[PDB]
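Protein chains in written order, with the deposited numbering: chain A, 1496 to 1543; chain E, 2316 to 2361, 2379 to 2442, 2452 to 2680, 2713 to 2756, 2761 to 2784, 2835 to 2905, 2916 to 2983, 2996 to 3327.
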Amino acid sequence: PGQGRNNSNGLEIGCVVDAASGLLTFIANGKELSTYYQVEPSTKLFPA
Amino acid sequence: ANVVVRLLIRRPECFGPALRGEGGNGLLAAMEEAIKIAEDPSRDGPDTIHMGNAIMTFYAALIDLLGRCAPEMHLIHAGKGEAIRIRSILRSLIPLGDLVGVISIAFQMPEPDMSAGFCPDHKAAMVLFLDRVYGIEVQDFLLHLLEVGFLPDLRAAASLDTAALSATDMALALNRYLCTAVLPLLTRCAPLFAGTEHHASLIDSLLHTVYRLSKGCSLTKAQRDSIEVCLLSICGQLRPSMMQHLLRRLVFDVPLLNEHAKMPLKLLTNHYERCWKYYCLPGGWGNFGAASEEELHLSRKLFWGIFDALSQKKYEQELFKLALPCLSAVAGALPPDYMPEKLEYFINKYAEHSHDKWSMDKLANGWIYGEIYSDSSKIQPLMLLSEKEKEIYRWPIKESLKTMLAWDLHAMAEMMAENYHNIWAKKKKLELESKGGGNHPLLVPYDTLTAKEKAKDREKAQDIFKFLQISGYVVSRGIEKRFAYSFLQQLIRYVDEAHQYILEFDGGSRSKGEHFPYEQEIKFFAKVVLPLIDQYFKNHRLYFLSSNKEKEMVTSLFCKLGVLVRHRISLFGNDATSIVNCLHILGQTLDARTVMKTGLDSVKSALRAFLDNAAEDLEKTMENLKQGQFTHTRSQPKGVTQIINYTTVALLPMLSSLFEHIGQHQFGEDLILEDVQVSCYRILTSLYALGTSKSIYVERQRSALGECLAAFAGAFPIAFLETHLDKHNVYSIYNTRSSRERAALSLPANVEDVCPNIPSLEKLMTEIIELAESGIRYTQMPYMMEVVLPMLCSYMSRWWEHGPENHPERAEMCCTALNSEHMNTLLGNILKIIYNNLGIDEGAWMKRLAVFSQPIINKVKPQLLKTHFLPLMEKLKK
């Protein structure tokens, strides 16, 4: 809240993929997001 | 030129020291130093000769000499390699950027000023060199030259326009150089700057500055003509959407109808005629776009402005003949179907939101809180603008609200931006007057200025209006039948007024040497409005089959005009052809189906009465020609002569057009019935007897007689020659009307008695067979080779469409007995006659017979080929 007008460097969204557990996690400017995903084994994920 | 160039290149010492490579000072720097010489009295040291002026004239003369000794014209340069070498040498000699700089060096607007300094002849020399040697082709190059120096000279001309300022010799000389600089654009690169808009600001500035120039005072006739040609070319091949501001200016200026109004009349004429689709078609002129609602409103306002202005204006042959194409073009382009406490709260809310916006913007830039508002250290007390700045900027918001309250949202924002620009221009003009300085070009309005300066105020206007709509306050300035009904109502009022003028003029005795004002009004009508109506019905949907009350007004106007022509054709001595052509187009655009349904009953009864009057005139012509009174008869009464002339000239082709349209659109079954049928039988009898009469004037007018009779036969949906077969037809007047009703309508109990003079259908068969046997010719019996053979051709075409072979189910109901066998018989008779004609040199009628049989060539049996087609064409080969 407030980063749309206060952040001069923009928004950075970092995506982390743990392939051993099939876990996708997201971080917003150093703050961990509550939204995470679990994928199936042998799944190929494309950054997009 | 070649030897001069050789000598100059061999000895560069002839050139100026700046131009020579020993110094390399440059031409632009040479003129700058000449200006400095002029400023410095010591530099222009001791009838007297201005030393800098002497240098400057020397350089201008050298530039002019080089430009004139350049290759003559483009094909000479292309073909002659030596000319290519000369042009390359001159290009290397003189840089293009130096030419641009010298053409940009502007003059001092005078309180006289002495002729010393840069002069229009110098600019003319440099622009001539740039035009001839380097060439002026690239579009960005054109725009750059226009913005650099070219437009500033136009701004100076706009300033110099005023009477004393034109009294200045600077204005006079600049006018000469201005012609020599304006002719370039059009002659060389009319298409290009009009094909692009990369500097639409420059485009509009050029257009309105040239227009203000055209509104000059001391301009010579040739100068004004040159300006007018420039404006016409630029407009006639510039994008319609990008000179709308100029459209506005001409909209205010044309209704004045002054001497200067001639050029804008041409301008609008060409604009509308050119982009007609843009202002009428839904998609307009394709990718060019379509006229916005504002453009259509402006065009309509100008249309009625010119209409009323020409109505009030005294009729001038030149002025009105020039204005008629303009009004016609605008008519063609216009589509036929075209139709407080809250503000204080808004100020408070906008102030809060603007404070938030300033805080956000300053923190994004990197500002810090501080007492001072200086941007060097990036400190603000409003977290660039301070609290004092905010409270003073509050004032223009309230001023704009008050202004537009005393006066959609985007249009009002543009209006407020123009108002603030005008007040700022007034303030800066007052400051300049107080300081005793020259007037800046920004004093002229936003439209006269470029579009770029408008955007600065437009951004603020858009912002304040966004805040207004966020707050929730909306402020402003404060049928398709009606479009036509209005302008056609001007026409109907015109026609009623003309009827009144003609009636009054006929009632009052003519005065020798005194022209009637009513007659003057009649002449003005017949020479302006009368041509305009036909152009209206051309390229306009007025019968609304592509406004039913529009169709009714068209029919009523037709009735009024027909009555006027019937009673007072002789008055329209020179406009008779025009009004008859307007009757033709009225019949072409007339919807008789609407005359029958959704048409005012008094209007349709008046149409019936007018057709009955035409029948009465035809009967009078019958009687006069039978008695021997025609044009060739010297002893002919004036009224009889008027009746015969009216009939033969106007009434035949006009009714021909009406009945042709009726037959094409199947309007006979709806308009022609009952009393109309009785009057149409009267017309049929009249035409038949007139054709039968062998008078010389009848022979002269035979074409129209037949044309009308055939048109009537086609248009009619009922049988009128099937004497012994009309009983079978359901549409028959004898089947519908009773015996007593027909007796009241003046019809006997026998169709044979109704049409006794005309031979029956079987007797027509026998006569046509006799034609085929005897080999009639227009020399011996023209009446039914080239006059009535078309009649029976159209007759049999109509009844062949409605005959038993086309309608086997209705064969008993089909009164006609004309089949495909009869079709072959008639076509074969035509070709037998044509074969008899083959081998004479008078058969101008055969081509007419071909035209007559053209509708009936593709509905025959193939058996006719070997019988007749081969012999005729074999003899043609012979």
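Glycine included, C-beta positions come from ideal geometry on N, C-alpha and C.
Just to confirm before moving on: does the CB-CB distance between A:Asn1501 and E:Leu2736 stay below 9 Å? yes
Is there a Cβ from chain E that is less than 9 Å from the Cβ of A:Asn1501? yes
Go to E:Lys2412, then tell me how far its beta strand (DSSP E) extends in each direction, as first and last residue. Run containing E:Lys2412: none; DSSP gives neither H nor E here.
Straight-line gap, E:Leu3238 to E:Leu3280 (C-alpha atoms, nearest Å): 12 Å
Would you identify the three-state DSSP class for E:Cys2571, choosing helix, strand or coil? helix
Have a look at E:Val2932, E:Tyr2973 and E:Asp2971 and flag the residue whose alpha-carbon is nearest the alpha-carbon of E:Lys3009. E:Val2932
Please name the residue, chosen from E:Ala2840, E:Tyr2847, E:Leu2428 and E:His2382, that lies closest to E:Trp2772 on a Cα-to-Cα basis. E:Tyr2847
Measure the C-alpha to C-alpha separation of E:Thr2380 and E:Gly2865 and round it to an integer number of angstroms. 29 Å
Assign E:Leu2597 to one of two classes, buried (16 or more other C-beta atoms within 10 Å of its C-beta) or exposed (fewer than that). exposed
Taking C-beta pairs closer than 9 Å, name the residues in chain A that E:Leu2668 reaches, listed in chain order. In chain order: nothing, as chain A lies at least about 58 Å away.
What span of residues does the beta strand (DSSP E) with E:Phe2962 cover, start to end? Looking at the DSSP string, E:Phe2962 is not in any beta strand (DSSP E), and its letter there is neither H nor E.
Is any heavy atom in the ligand GTP found nearer than 8 Å to the beta carbon of E:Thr2389? No copy of the ligand GTP occurs in the structure displayed, which carries no ligand at all.
What residues in its chain sit with their C-beta under 7 Å from that of A:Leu1528, if we drop five residues either side in the sequence? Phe1521 and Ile1522
Environment of E:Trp2626 [buried if 16+ CB atoms lie within 10 Å]: buried
State yes or no: is the beta carbon of E:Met2733 nearer than 9 Å to at least one beta carbon in chain A? yes
Counting only beta-carbon separations shorter than 9 Å, does E:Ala2844 have a partner in chain A? no
Does any C-beta atom of chain A lie closer than 9 Å to the C-beta of E:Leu2762? no
Go ahead and pull the three-state DSSP assignment for residue 2367 of chain E. Note on chain E: numbering goes from 2361 to 2379 directly, and residue 2367 of chain E within that interval has no coordinates.
What span of residues does the beta strand (DSSP E) with A:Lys1526 cover, start to end? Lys1526 to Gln1533
Which of the three DSSP states is assigned to E:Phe3079 in this structure? coil
So if I threshold CB-CB distances at 7 Å, which residues from the segment 2722–2755 of chain E count as touching chain A? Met2733, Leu2736 and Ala2737
For the alpha helix (DSSP H) that contains residue 2759 of chain E, what are its first and last residues? In the model shown, chain E runs from 2756 to 2761 with nothing in between, leaving residue 2759 of chain E without coordinates.
Might you give, ordered along the chain, the residues of its own chain that have their beta carbon closer than 8 Å to the beta carbon of E:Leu3313, omitting 5 neighbours on each side? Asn3273, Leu3276, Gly3277 and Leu3280
Output needed for E:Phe2942: all residues of its chain with C-beta closer than 7 Å, excluding positions within five of it in sequence on either side, in chain order. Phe2953, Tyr2955 and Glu2956
Can you tell me whether E:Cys2558 is buried or exposed, with buried defined as 16 or more other CB within 10 angstroms of its CB? exposed
Beta-carbon contacts of E:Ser3128 that lie in its chain and below 8 Å, excluding the five residues immediately before and after: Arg3057, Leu3060, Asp3061 and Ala3064
Based on DSSP bridge pairs, tell me the residues matched to A:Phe1521. A:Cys1510
In the structure shown, what three-state DSSP assignment does E:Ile2745 receive? coil
7 Å Cβ shell around residue 2909 of chain E - same chain, five flanking residues per side excluded: For residue 2909 of chain E, no position is available: the coordinates of chain E end at 2905 and pick up again at 2916.
If you check the beta carbons only, do E:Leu2554 and E:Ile2568 fall under 9 Å apart? yes
E:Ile2752 by DSSP, collapsed to three states: which one? strand
Inter-residue spacing [alpha-carbon to alpha-carbon] between E:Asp2594 and E:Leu2587: 10 Å
Go through its chain and collect everything with a Cβ distance to E:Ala2499's Cβ below 7 Å, but skip five positions before and after it. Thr2550, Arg2553, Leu2554 and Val2871
Candidates E:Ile2437, E:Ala2535 and E:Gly2673: which alpha carbon is nearest E:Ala2497's? E:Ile2437
Short of 7 Å in beta carbon distance, which residues of its chain neighbour E:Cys2401, apart from the five on each side in sequence? Order them along the chain. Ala2316, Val2319 and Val2320
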